[PDB]
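One structure is given here, and the rest of the page talks about it.
No hydrogens, no waters, no symmetry mates; every other heavy atom, side chains included, goes into these values. Numbers for residues simply follow the sequence, beginning at 1. Just so you know, ligand 1 is whichever comes first in the structure, and atom 1 is the first atom listed for that ligand.
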Amino acid sequence: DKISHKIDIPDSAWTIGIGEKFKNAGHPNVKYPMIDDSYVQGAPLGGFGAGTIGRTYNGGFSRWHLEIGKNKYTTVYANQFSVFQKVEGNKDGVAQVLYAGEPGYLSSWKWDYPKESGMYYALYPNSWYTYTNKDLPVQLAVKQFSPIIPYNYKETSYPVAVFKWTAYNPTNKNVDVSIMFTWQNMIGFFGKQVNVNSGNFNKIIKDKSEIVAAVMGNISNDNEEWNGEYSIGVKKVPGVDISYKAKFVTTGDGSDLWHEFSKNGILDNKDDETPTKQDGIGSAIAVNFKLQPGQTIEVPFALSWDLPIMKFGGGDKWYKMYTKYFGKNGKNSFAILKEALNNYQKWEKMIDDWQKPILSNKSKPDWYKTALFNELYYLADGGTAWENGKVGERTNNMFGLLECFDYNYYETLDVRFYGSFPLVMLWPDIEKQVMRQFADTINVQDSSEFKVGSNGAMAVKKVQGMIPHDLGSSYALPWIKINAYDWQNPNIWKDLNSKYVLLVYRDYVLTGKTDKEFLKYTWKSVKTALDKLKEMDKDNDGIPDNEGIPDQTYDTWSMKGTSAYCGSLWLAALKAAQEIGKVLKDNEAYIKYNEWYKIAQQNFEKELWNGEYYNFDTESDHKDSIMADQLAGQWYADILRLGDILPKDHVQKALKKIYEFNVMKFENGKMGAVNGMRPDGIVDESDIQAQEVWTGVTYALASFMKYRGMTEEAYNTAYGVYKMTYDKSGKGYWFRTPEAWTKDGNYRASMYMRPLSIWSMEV
Ligand SMILES: [Ca+2]
C-alpha cells in the first residue's frame, strides 16, 4: 500500500477490507417482520432533505433513501467506478469494475473486484476507498463526500457528492490509466406507476471556461416526485483527457460500453439524445492519462440529483430545501454538479475545520472519535424531510427526522430528547424550528378516534395541552397530521410534556442563553404542558402518576405510581420553567412552579431513595429494579446548568450502582448498559425492554457519568456501544445503529435516531 501516503485519511476512520466477509452479524430479535439490509453498508452521500444514497464498502450504490421516508436496499449494478491500466510496451491492458461482487445484465463487464486488494475508510461526512491490487500497477484512492457543514444550511442541503481521485505510479514503467464513472438514468426508479423508463434520455454538456457531464432526464415536464435529472461528470486537470458515452443499455449485456473501455480505456464520445421506451439506459464519463514512474495525479468527479419534489403517502407534495438555491423545475442537475466540481476544495477545508477541534484533541481516544463522527450519518440518512414550500402554494422551512424506518414517525419527541443533540449543537436554526413546530401543536385537538394497537381500545387522536408523540409519518402527512403512532395512546404519556419543556430550555442554554425570543415564542406551550401534566397527579404527592401501563418512551415496560424516570424528568422540567419564568419576568409562573418543585422533590426523595440508588417506581412488582435511565432528569439538569435536583451524594451512588450492575454485570461491561437489573445482579425479565441495551440511553448515561467526574466509567460505558456497532468483535451495525440489542447481540430497529445522543458527550 503506497497510496495511503499520497492522501490524508484520519486514524480514527472506521476501516474494513473491500470484499471482506463479516462473520456472526446480528439479526432482528423480534417475531414480526423487521428491516435487515445486512452488514454491507457505508457512509451515505447527500445533504439534509435531499434524499441520500448509501454506497457500501464493497463499492455498490445500494441503500437508496431518495424517496423521502423510505429505505430501499438494492444494488443498481450500472452505477460504478471502473479502471483500465496498461503498462507501456504490453499488447493488452486490463479493465476492472471497482465492485466486490457481481449482478443478470452487464455480463460483459469485469466484475468481482478481488479480496485483500483494498480498503474502505469512513469518518462521516467523508469516506475513502483505496485500491492496492497486485494486477494493477498504478495504485488508486478516492475520497467521497457531501458538504455536510455545521452552522451551514445551504451546501448542507445539496443533492450532490464529490469523488476526488488520486492515482500514483510506484513502478519504474509508464502506465496508461483510465477511470470511468457509469450511472443509470434512474428517472422512474420510484414514484412512476407505469412505463418506468419511457421517455428517459441522456445528454452531454461540455462547459469550456473544462467540465464534461451527462444529464440523465426525461422528456416530460410533469412536476411529480419521479421527475427530475441525475448528472455525473468530471473536471479536466492538466495531463488528463476526457471521454464519454451518452447512452448505453443497462438492460443488456453492457458490451456497447465495455468493448470500448476494455480496449484502451477511451470511450466513443457518442452523443445520442434518443429517448428510450422499455430499455434501461445509462451514461459514462471517463478520464485517461499516462503516469510516469513516481507520478501522482488528482482528478475530481461528481454526482448530482435534482429531484425537487417529495411526495408523502397521504398525498402532499413538497419542494425539497435545496430548491431554494437551485430552482424548483427539475432541470438543474448540471448547475448543482458544476457548483461541486468548482468548489469542492473549499468544501473539504470547511469539513476539516469543523472536525479539527475534536480530531486534534489527543486526550480523547480514537474509537470515541470514530463513533462521534460516524453516528452523524443518521442526520442525513434518517428519511430527513426539509421543505421549501407545498407544491401549488412562508418564512420558515419545516424539518423532520425519522425515529427509524421500521417505526416511520417524524420527530418522535420522547426519542428526540436523546437524539437531537447534534442538531442543537451543530445546526441550531433547524433545532429551534423543530421545537416551534411542537409549540404550534400543543393546543391542537382532534377528537376523532383511533384503535390503540397494544390493547385494542379506542382513544382520542390528539388532546389539547398534550404534546404530540410525533409529527406524522412519511406514509401519511408529515407536519399536517400529527400522532401517527398508534401502539399506545401518547395523550396520556407522562414523559412527553416534561421532555418538551426540557428540550426548550436546553435549546436556549446550549445556544448561549441569548435567544429570549425563542423562550417567548414557546412560553405559553411550556406552561400549558406542565399544567396539564400536573392534573395526572391523582394522589396529591405533587408528581404525575404512572398508570401501570406503558405511558412513556419505554412503551412496553410498565411503570406504576411515582417513577424515577418520569418523576426526575418532572422535577427538572419544573426547575427549567422556574428559570424561564425568571428570565421572562413571569412572577406568578415562577412562584407556582417553585412551589410544585419543592413539594415534588421532597416526595420523590422520600418515595424512591433506598440508600444505594433510586427505585424504578413505587408500585410495580419489580419496583426495586435498578434502571439505567433512573436519573434522566438530573442528566438534563446538568446540561441545562440547573444545579442539583437531587443530592450530589445520592446521584453519585446511583451512577456508581448503574455502572457496577447494569454495565459491568451485563456481559462484563462490553455491550452497554442493560435497561433494568435486579439488585441480586440478574437482568430484570419483567419486560423485553428491561433486558435490552438502548444505544442512545447508554450514550446519554455515559455523558451524565462524564459530567459527574466518572471519566473511566463514562468511556467504558460508551465503549461497549462502539464495540458492538463498529468493531470486528461486534455485530456489524455500522451505518445502521439500532435502538436496542439483547445479551446475544441481536437487534431491534436498525437505523435509529436515539444513538445520536453520543453528541451529549461533547457538551
Ligand atoms: Ca402522584
Would you give me the side-chain donor-acceptor pairs under 3.5 Å for residues 412-419, sequence neighbours excluded?
unit_1: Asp414; atom_1: OD1; unit_2: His469; atom_2: NE2; d: 3.4
unit_1: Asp414; atom_1: OD2; unit_2: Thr553; atom_2: OG1; d: 2.7
unit_1: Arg416; atom_1: NE; unit_2: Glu411; atom_2: OE1; d: 2.7
unit_1: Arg416; atom_1: NH1; unit_2: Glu431; atom_2: OE1; d: 3.3
unit_1: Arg416; atom_1: NH1; unit_2: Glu431; atom_2: OE2; d: 3.0
unit_1: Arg416; atom_1: NH2; unit_2: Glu431; atom_2: OE1; d: 2.9
unit_1: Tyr418; atom_1: OH; unit_2: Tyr565; atom_2: OH; d: 2.6
unit_1: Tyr418; atom_1: OH; unit_2: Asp629; atom_2: OD2; d: 2.4

_Once side chain to side chain contact (heavy atoms under 4.5 Å, CB included) is applied, do any residues pair with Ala459, and if so which ones, sequence neighbours excluded?_
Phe450, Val452, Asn489

*asked:* Distance to the ring centre below 6.0 angstrom and angle to the axis at most 45 degrees; does that hold for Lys665 and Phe661?
replied: yes

*side chain to side chain contact (heavy atoms under 4.5 Å, CB included) against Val663, all qualifying residues, sequence neighbours excluded*: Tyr659, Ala673, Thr717

*So, are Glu547 and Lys494 salt-bridged, with charged N and O less than 4.0 Å apart?*
yes

*Pull up every protein N/O/S atom sitting under 3.0 Å from the Ca ion (ligand 1), skipping waters.*
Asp537 OD1, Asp539 OD1, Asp541 OD1, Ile543 O, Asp545 OD1

*asked:* I'd like to know if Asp440 pairs up with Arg436 as an ion pair, taking the criterion as any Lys NZ or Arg NE/NH1/NH2 lying under 4.0 Å from an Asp or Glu carboxylate oxygen.
replied: no

